[PDB]
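Report on the following structure.
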Amino acid sequence: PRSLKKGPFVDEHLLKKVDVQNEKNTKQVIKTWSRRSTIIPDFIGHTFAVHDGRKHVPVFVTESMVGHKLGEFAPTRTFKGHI
Amino acid sequence: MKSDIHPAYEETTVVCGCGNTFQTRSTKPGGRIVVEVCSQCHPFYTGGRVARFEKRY
Amino acid sequence: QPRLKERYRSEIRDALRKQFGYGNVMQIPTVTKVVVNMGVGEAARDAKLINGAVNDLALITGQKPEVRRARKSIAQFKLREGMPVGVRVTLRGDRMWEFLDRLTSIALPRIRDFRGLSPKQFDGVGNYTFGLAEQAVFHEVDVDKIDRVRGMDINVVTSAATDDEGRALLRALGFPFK
Amino acid sequence: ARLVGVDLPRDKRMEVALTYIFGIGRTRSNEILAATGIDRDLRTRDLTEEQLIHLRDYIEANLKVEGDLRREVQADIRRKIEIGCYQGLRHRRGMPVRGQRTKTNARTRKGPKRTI
RNA sequence: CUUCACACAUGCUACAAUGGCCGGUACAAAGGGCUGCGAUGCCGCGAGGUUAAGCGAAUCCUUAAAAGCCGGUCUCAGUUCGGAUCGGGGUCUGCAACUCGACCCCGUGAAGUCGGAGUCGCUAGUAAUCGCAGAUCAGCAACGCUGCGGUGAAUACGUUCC
Ligand SMILES: [Mg+2]
Ligand SMILES: [Mg+2]
Ligand SMILES: [Mg+2]
Ligand SMILES: [Mg+2]
Ligand SMILES: [Mg+2]
Ligand SMILES: [Mg+2]
Ligand SMILES: [Mg+2]
Ligand SMILES: [Mg+2]
Ligand SMILES: [Zn+2]
C-alpha cells in the first residue's frame, strides 16, 4: 500500500484466483472489480476482465505494466470531442 | 591565384589534455592549437520493469 | 609529408589487398578529393554570405572557396537566377590529407552528443557524404568573430568501385562508424 | 568553456554556470563544486583547464546529463503510450497527466485560447 | 459528482534590485491538546522514522513568528526573476491514494517585462504588506472561511457633475 515499509497492495481475493491457475498452468480470464490492486510479476501472461463502471474490460499484463495499478487500463470516463 | 588571396597556412602543433600530441599544418595563429578532447580520449572510441519491482521488495 | 598519408601507404595500402584480392596495385582505392560546401540559401535575401560562408571555410580548410550561383529561378524560395547561394572549396593533395587527419582527430569528436557516423551513407560507388551542423566543430574558427551559425556537408570521393570497398578504406583511415 | 559539450556562459559565477548543463540544477552544482574543491565564488573566465578536467570526469561517473538524460526522459513518456495506461492516453492528447483540473485551466498542456 | 473546442466570476503566485539568495540576530497576539500534544535523544539531504519525559494544562507540548535589523553575493538579463508543466525517487494517513490525497528530494524551467474598452475596495491604527491560530477533519484539493497580532501611509479644495 504505496509505502515500501508495508509492501505492495494486491487484494487477497485476487491473489487466490491466480494461485489456483499458477498451480496448474492455465490462462482463464479473471472477472474482477479490484481496480485498486497493484500488478505484481505473477500476473504476467494472465488476462483480466476489469470493471470500469459499466462493463468489464480485458487487460493483458505483458511485462512492463508491472508497477502499475490494475485500474489504469480500463478508462472510466468517455470523451470523443465537443464537435 | 595561388598567391596572396588565400589565408596563411603553416605548421601547427596540436596537444590534448589526455597526453596526445601530433604535428599538422593549419591556420591557427602561432601554431599552438590546444584541444580538450581528441581521437584517443573520447567515448565511442573506446567505450527492466520486473527488476524495478524486485529491487523494492 | 602529412602523417595520414605516410600511414596510408604503410599499412592501409597493403591491408586492402588481403581483404579484397586485387591482382594489381593500381586497383587499390584511395581518396581523391574532399569537397566541403556551405549552401547558404538564406543569402538570396540580405546578400550577406561574404563574412559568413567565405571567411570561415578559408579558416577551416586553408584556401579561399568558390562562390556558386543559382542556375534556375525558383519562386517559392524567392530565388533569382545568377544569385549567390552556395560557397564551395575543393581540397587536393597535402591539404586534403591534412584536412582529413585534422577532421577525424580533434574535430569529429567535438560534435555535441556524438555517437558515430552512419556507414550506410554511401551513394553506390563508395563516396561518403555526411553533414556537420555547426562551425564550432573546428578550433580554427572562433565563436566570437562569426555571424549566425550554419552547417556544411562534406564529400569524400574515393577511387573505390563499390560501397563496402569504400567503407573498408575509410574505416582503415579512421572514420568512426556505428 | 565547454564542459560536457554545453558552452558555459562566459563571465559568470561558477555556482550558476554549472546549472546551464541539462541535468544539473542548484543542488548538484553545490556538490560538483564540493567534491572537486573548486570554490563557488569563482568566475568561469578565470577557470583552469587543469580544474576543468576535475569536473569533466566527476559527472560521467555519477550524474546523467545531455542526450542520455534527454533520451531517458523521452523514453519514459514513450513507455506509457504503448502500454495503454491512463497517463499514456493522457499524454497522447496534450491534456495534463497528474490529475489536474481541466475545466478552467491547463493552459500549459494546452495552448492559448482557441475561442470557439 | 474531479469530464473539457470554450465563456464569465472570486482569489493566489508573479512579471523582480523598495528585489532574489546565503549567513547571523531581535520583537507578538489570540487559540488547540487523551482514539491526544510528542519535549529530549537517535537515524535520514528532507518530508519523516524511532525512543520517551512532562501535560486534561496561566504548570507540559503546540512554539522557531514572518516582515525587520546587520553582513555577503548577484548586476538589469526572460536572468541566481517566475515556478507552471513533465520525468524519476520517496514518506505519511487510510481496508484502499488508478480514476482522485497532501507533503519531501533530484531533474525539468512554460506563460509572464505591470495588463484594451472597462471596473473595485478604502477617511486611521484604515489602506497596503507580513506571519500565526481555529472550526470541519483519518488524511486532505486550506490559495477558502472565521479570527489574531506585526510594521504602517497618502489625501479630502469642495458639492458643479456620476
Ligand atoms: Mg461540485
Ligand atoms: Mg528563485
Ligand atoms: Mg534570513
Ligand atoms: Mg540530523
Ligand atoms: Mg540586505
Ligand atoms: Mg515571452
Ligand atoms: Mg526586468
Ligand atoms: Mg485538519
Ligand atoms: Zn586526448
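Residue numbering restarts at 1 for every chain, and letters A, B, ... go by the order of the sequence lines. All values below were derived from every heavy atom in this structure, side-chain atoms included, with hydrogens, water molecules and symmetry-related copies excluded.
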Report task. Using a strict cut-off of less than 4.0 Å between a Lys/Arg side-chain nitrogen and an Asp/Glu carboxylate oxygen, indicate whether D:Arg28 and D:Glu31 qualify as a salt bridge. Result -> yes

Requested in this report: Take atom P in E:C15 and the same atom in E:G125, then report the distance between them in whole Å.
Outcome: 33 Å

**Report entry** Cationic N near anionic O, under 4.0 Å, C:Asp113 to D:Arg71
**Finding:** yes

Query raised in the report: For E:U93, is chi within 90° of 0 (syn) or not (anti)?
Result: anti

Query raised in the report: Between the side-chain atoms of D:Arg98 and the base atoms of E:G87, is any donor-acceptor pair under 3.5 Å?
Result: yes

Query raised in the report: Is there a donor in the side chain of C:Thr90 and an acceptor in the side chain of C:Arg88, or the other way round, less than 3.5 Å apart?
Result: yes

Requested in this report: May I ask you to verify whether the side chain of A:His68 and the base of E:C98 hold a donor-acceptor pair under 3.5 Å?
Outcome: no

Requested in this report: State whether E:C37 pairs with E:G131, counting either Watson-Crick geometry (purine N1 to pyrimidine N3 plus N6-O4 or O6-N4) or a G-U wobble (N1-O2 and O6-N3), each distance below 3.5 Å.
Outcome: no

Requested in this report: Remember a base hit wins even if backbone is also touched, and classify D:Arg114 as base, sugar-phosphate or nothing at under 4.0 Å, heavy atoms.
Outcome: sugar-phosphate

Query raised in the report: Ignoring hydrogens and angles, are the base of E:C95 and the side chain of A:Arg36 linked by a donor-acceptor pair under 3.5 Å?
Result: yes

Query raised in the report: For E:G19, which nucleotide in any strand shown is its Watson-Crick or wobble partner with both distances under 3.5 Å?
Result: E:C74

Query raised in the report: About how many Å separate CG of D:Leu55 and CG of D:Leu18, when rounded to the nearest 0.5 Å?
Result: 6.0 Å

Query raised in the report: With both distances under 3.5 angstrom, what nucleotide forms a Watson-Crick or G-U wobble pair with E:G68?
Result: E:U25

Query raised in the report: Taking atom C1' in both E:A66 and E:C132, what distance in whole Å separates the two?
Result: 9 Å

Query raised in the report: If you find the nucleotide of RNA chain E closest to D:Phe22 and the one closest to A:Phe9, which residue's nucleotide is nearer the 5' end?
Result: A:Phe9

Requested in this report: Could you check if E:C15 and E:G115 make a Watson-Crick or G-U wobble pair, where both distances must be under 3.5 Å?
Outcome: yes

Query raised in the report: With a cut-off of under 6.0 Å to the ring centre and 45° to the axis, is C:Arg3 in cation-pi contact with B:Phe22?
Result: yes

Report task. Select base, sugar-phosphate, or nothing to describe what D:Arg107 touches, counting heavy atoms under 4.0 Å on all strands. Result -> sugar-phosphate

Requested in this report: Rounded to whole angstrom, note down the P distance from E:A153 over to E:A124.
Outcome: 14 Å

Query raised in the report: Taking OP1 and OP2 of E:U3, is either one under 4.0 Å from a side-chain nitrogen or oxygen of A:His82?
Result: no

Report task. Pick base, sugar-phosphate or nothing for D:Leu69, based on heavy-atom distances below 4.0 Å to the nucleic acid. Result -> sugar-phosphate

**Report entry** Euclidean distance for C1', E:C43 against E:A52 (whole angstrom)
**Finding:** 16 Å

Requested in this report: State the syn/anti category of E:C55 according to its glycosidic angle, syn meaning within 90° of 0.
Outcome: anti

Query - Distance, P atom - from E:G139 to E:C95, rounded to whole angstrom - result: 13 Å

Requested in this report: Can you figure out if E:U126 has a north or south sugar, judging by whether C1'-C2'-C3'-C4' is positive or negative?
Outcome: north

Query raised in the report: Can a side chain N or O of D:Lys12 be found less than 4.0 Å away from OP1 or OP2 on E:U80?
Result: yes

Query raised in the report: Any side-chain heavy atom of B:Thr21 within less than 4.5 Å of one from B:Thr13?
Result: yes

Requested in this report: Output yes when at least one side-chain N/O atom of D:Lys113 is less than 4.0 Å from OP1 or OP2 of E:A7, else no.
Outcome: yes

Query raised in the report: Across the strands shown, which category fits A:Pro75 at heavy-atom distances under 4.0 angstrom: base, sugar-phosphate, nothing?
Result: nothing

Query raised in the report: Given that both distances must come in under 3.5 Å, which nucleotide forms a Watson-Crick or G-U wobble pair with E:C140?
Result: none

Query raised in the report: Does A:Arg35 make a side-chain donor-acceptor contact with the base of E:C98, cut-off 3.5 Å?
Result: yes

Query raised in the report: Using the glycosidic torsion, which applies to E:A138: syn (within 90° of 0) or anti (everything else)?
Result: anti

